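# Analysis of the macromolecular model
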Amino acid sequence: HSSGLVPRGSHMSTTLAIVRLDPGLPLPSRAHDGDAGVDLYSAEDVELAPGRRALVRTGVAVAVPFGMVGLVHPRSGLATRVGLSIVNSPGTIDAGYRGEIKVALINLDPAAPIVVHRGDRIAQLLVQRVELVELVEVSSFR
Amino acid sequence: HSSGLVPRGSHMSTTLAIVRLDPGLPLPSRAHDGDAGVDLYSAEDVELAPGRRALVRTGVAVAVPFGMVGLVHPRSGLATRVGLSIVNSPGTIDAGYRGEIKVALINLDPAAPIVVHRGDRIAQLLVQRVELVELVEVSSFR
Amino acid sequence: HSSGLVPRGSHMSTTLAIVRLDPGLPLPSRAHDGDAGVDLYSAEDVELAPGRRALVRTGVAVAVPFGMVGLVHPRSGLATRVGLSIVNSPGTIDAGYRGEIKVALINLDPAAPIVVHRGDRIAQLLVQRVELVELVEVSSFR
Ligand SMILES: O=c1ccn([C@H]2C[C@H](O)[C@@H](COP(=O)(O)NP(=O)(O)OP(=O)(O)O)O2)c(=O)[nH]1
Ligand SMILES: O=c1ccn([C@H]2C[C@H](O)[C@@H](COP(=O)(O)NP(=O)(O)OP(=O)(O)O)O2)c(=O)[nH]1
Ligand SMILES: O=c1ccn([C@H]2C[C@H](O)[C@@H](COP(=O)(O)NP(=O)(O)OP(=O)(O)O)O2)c(=O)[nH]1
Ligand SMILES: [Mg+2]
Ligand SMILES: [Mg+2]
Ligand SMILES: [Mg+2]
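Residues numbered from 1 in each chain as written, not as in the entry; some residues may be left out. Chains lettered and ligands numbered in written order. Heavy atoms only, no water. Residues with missing side-chain atoms left out of burial classes, pairs and counts.

This entry, as listed in the PDB, derives from X-ray crystallography and reports a resolution of 1.30 Å.

Before going further, it helps to examine the packing of aromatic side chains. Within this structure, the stated rule accounts for zero aromatic pairs over all chains. Its end group placed over the ring of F141 of chain C, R98 of chain A keeps NZ or CZ at 5.5 Å from the ring centre. (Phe/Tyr/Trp six-rings, centres within 6.5 Å; stacked < 30°, edge-to-face > 60°. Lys NZ or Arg CZ within 6 Å of the ring centre and 35° of its normal.)

On to the site of ligand 2, then. The environment of ligand 2 is formed by 14 residues, the closest being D94 and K102 of chain A, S76 and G77 of chain B together with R142 of chain C. More than one chain lines the surroundings of ligand 2; the residues nearby belong to chains A, B and C. Within the side chain of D94 of chain A, an N or O atom sits 2.7 Å from an oxygen atom of ligand 2. Secondary structure elements with two or more residues in the shell around ligand 2: β8 (91-93) of chain A together with α1 (76-82) of chain B. Among the elements that line the shell around ligand 2, the one with the most residues is β8 of chain A, at three residues. Along the lines of polarity and charge, the residues of the shell around ligand 2 split into three nonpolar, six polar and five charged. (Near = heavy atom within 4 Å. Polar contact = N/O pair within 3.5 Å; in protein donor to acceptor, adjacent residues only side chain to side chain. Helix = DSSP H or I, 4+ residues; strand = E, 2+ residues; numbered from the N terminus. Nonpolar A, V, L, I, M, F, W, Y, C, P; charged D, E, K, R; others polar.)

Time to look at the sheet that holds strand β6 (residues 68-73) of chain A. Residue and element names in this part refer to chain A. Judged by pairing direction, the sheet is antiparallel, and its four strands sit side by side in the order β2-β11-β6-β8 without closing on themselves. Each edge of the open sheet carries a strand with a single partner, namely β2 (38-41) and β8. For this sheet, the mean angle separating the axes of adjacent strands, direction not counted, is 35 degrees. Two strands pair when backbone bridges link them, and β6 and strand β11 (residues 121-129) are joined in this way by six bridges, in the antiparallel orientation. Its bridge partner lying in β11, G70 is registered against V127. (Pairing = 2+ DSSP bridges. Axes fitted to C-alpha atoms, helices over the stretch in contact; angles between N-to-C directions.)

This next bit is on the pattern of salt bridges. Scanning all chains against the criterion turns up 21 salt bridges over all chains. Between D109 of chain A and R53 of chain C there is a salt bridge, with its nearest N and O atoms 2.8 Å apart. A residue pair is termed interchain when its members come from two chains, as with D109 of chain A in the loop between β9 (102-107) and β10 (114-116) and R53 of chain C in strand β4 (residues 53-57). A salt bridge links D35 of chain B to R142 of chain C; the nearest nitrogen and oxygen atoms lie 3.1 Å apart. In this pair, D35 of chain B sits in the loop between β1 (15-20) and β2 (38-41) while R142 of chain C sits in the segment after β12 (134-137), so the two residues belong to two different chains. Overall, the relative accessible area of 2% leaves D35 of chain B in the buried class. Owing to a relative accessible area of 66%, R142 of chain C belongs among the exposed residues under this scheme. Each of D35 of chain A, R142 of chain B together with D94 of chain C takes part in salt bridges that share partners, so that together they form one network. (Salt bridge = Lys/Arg side-chain N within 4 Å of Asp/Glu carboxyl O. Buried < 20%, exposed > 50% of the residue type's maximum accessible area, 1.4 Å probe, protein only.)

The next thing to look at is the relation of the copies chain B and chain C. It takes a turn of 120 degrees to lay chain B on chain C, together with a shift of 0.0 Å along the axis; the resulting RMSD is 0.0 Å. Expressed as a symmetry operation, the mapping of one chain copy onto the other fits a three-fold axis. (Least-squares fit on C-alpha atoms.)

This part is about the interface of chain C and chain A. Taken together, the contact between chain C and chain A spans 32 residues of the former and 45 residues of the latter. When contributions to the side of chain C that touches chain A are tallied by element, the ones reaching two or more residues are β4, β6 (68-73), β9 (102-107), β11 (121-129) and β12 of chain C. With four residues, the top contributor of residues to the side of chain C that touches chain A is β12 of chain C. Of the residues assigned to the side of chain C that touches chain A, the class counts are 16 nonpolar, eight polar and eight charged. Here four bridges tie strand β1 (residues 15-20) of chain A to β12 of chain C, and the two strands are oriented parallel to one another. Each bridged residue has a counterpart across the sheet, and for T15 of chain A the counterpart in β12 of chain C is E134 of chain C. (Contact = heavy atoms within 4.5 Å.)

For ligand 1, the set of nearby residues contains 14 residues, the closest of which are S76 and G77 of chain A, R142 of chain B together with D94 and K102 of chain C. At the site occupied by ligand 1, the surrounding residues belong to chains A, B and C. A distance of 2.9 Å separates an oxygen atom of ligand 1 from a polar atom in the backbone of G77 of chain A. In the model, an oxygen atom of ligand 1 is placed 2.7 Å from a nitrogen or oxygen of the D94 of chain C side chain. Its free accessible area being 570 Å², ligand 1 has 84% of it covered by the protein chains. Mapped by element, the contributors of at least two residues to the shell around ligand 1 are α1 (76-82) of chain A together with β8 (91-93) of chain C. Considering each element in turn, the shell around ligand 1 owes the most residues, three residues, to β8 of chain C. Of the residues contributing to the shell around ligand 1, the split by class is three nonpolar, six polar and five charged. (Areas by Shrake-Rupley, 256 points an atom, 1.4 Å probe, with all protein chains shown as cover.)

See below:
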């Protein structure tokens, strides 16, 4: 069968609407089958000295479904190789957000600056269900 | 209809029992409809010099349901604006925990101290299902 | 009843195949009933000066089920007491990965080195479902 047919085991898989605010970047994609995240691109060149942080545009906006959350995670390779991290990791993308996804990168290396180029894959976006809990206040209840 | 009626689409939404150990703080709340997290308050004033961390009381205890986990995430605005982060992010609140939720804040700015005041919203709490996995050890099995 | 019987409330609980690449370490375990994570051991001695990071072997490989993700989270006690963190937290373990789980530890204390010994519990592994989303590109759509 061709790929337009949804296989039985994927009947209930979730769709995510996405706008490329920067049409010159590829759509985010999973690096390998079954990978949890789609990789987000940087729309911009950024140089981070040790300890500096920047709010980096990804060129995309998404519509996370109600009842779900988008989560922006660092990539392990950049984290290990150069100390690149995300200040607010895991970044929380709410269902109602329609703005551009931005990544708060930070250089956690003590001495070597990190150069990010436009078109580099700088984070990964996961989508999960979340419990939109109803709080029940009690006076008292490992 | 009035708000006491659970709408059909919310019939299965999860309740979370909460004790305000500090009754002078508001209950945690979602900033907007559909937001993944409820914002946690600081019960205390804390000043963090660059690179310092503190274990900050939130004034609340919760009963995360069995089969779920509470997750303490940083807020993006403070992370970007002043470099505020959480050392153990995402903080993992277990179903059996009945103590006060505490937030391990850290100042990741190189030079500017962060002042947290009692009543500031310093983190956000998400609740998700988790797989309480049964390990199956094998000798061998992208 | 003896423990070999799956209780009714655990009928659908997920199994996780695991190989101890280092058979001298215990299998990861939950510290308490209902805890979200199983604690990962270090296979190695590592000393981290302030601001240094290391890619630490855990001695295990896992087979996260398709449709799920493994998540490597810091432990709160080490984070608060000595400033130990994980550069790429939450570390993302994909369903297709069959290599050794490695932990990117970092010392976020300003002045005191952290010593990790072989056999110390240095992180915790959670397993959750993830939405393997199908992107739907649109021109336009808190
Ligand atoms: O903490 C971690 C994170 C990942 N990993 C392994 C398993 C995971 O499936 C794999 C890739 O993780 P990332 O996608 O975060 N890394 P990166 O994107 O740099 O590499 P790749 O191009 O292979 O996806 O690395 C660890 O061992 N520990
Ligand atoms: O990494 C991130 C995190 C959040 N965001 C966007 C989407 C999310 O819905 C929105 C708000 O996230 P937070 O709740 O973490 N930020 P904060 O609480 O400071 O702002 P708000 O008062 O708007 O909730 O910011 C990003 O673009 N990148
Ligand atoms: O951010 C956090 C994380 C945890 N906690 C509490 C609730 C959680 O169930 C408990 C234990 O969390 P960890 O397992 O991350 N800590 P650690 O493994 O050091 O302690 P323990 O041996 O008790 O599990 O600490 C907080 O109050 N805030
Ligand atoms: Mg990857
Ligand atoms: Mg918010
Ligand atoms: Mg623990």
